[PDB]
């Protein structure tokens, strides 16, 4: 499933609803610790519509429990992520992913 561990608390009142645009900064790491991606490195937040954007299950469930301003670590089992195939050229088969996510704003 996904495990959420808070690094910094958010406001505790404003949680993402379906149809809202979540603006996040994330760093993705494999369970071993190799960073494979980061929006923070591109200097550009990832914006997606919760419910409309096709994302791995762990991300959808994990961000849904975060309130605005929270920074959390989501550890996602491969069945909640890219499973058995992985994502060619970026995620290996059967990988557990660790995401450091900050929910910056809901539009």
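Note that the rigid core is defined as the largest set of C-alphas that superpose within 1.5 Å between two forms. Positions refer to the first chain, counted from 1.
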Task: Greater Cα displacement in 4 other deposited structures of this protein once the core is superposed, comparing 64-72 with 51-59 - done: 51-59
Task: 35-43 or 59-67, whichever carries the higher mean Cα B-factor - done: 59-67
Task: Entry-level comparison of average CA B-factors, 48-56 and 23-31, reporting the higher stretch - done: 48-56
Task: residue 2, C-alpha B-factor rank within chain (lowest, middle or highest third) - done: highest
Task: residue 12 CA temperature factor, ranked by third within the chain - done: middle
Task: residue 104 by Cα B-factor - lowest, middle or highest third of the modelled chain - done: middle
Open item on the list: Using the temperature factors of the C-alpha atoms in this entry, rank residue 92 within its chain: lowest, middle or highest third.
Closed with: middle
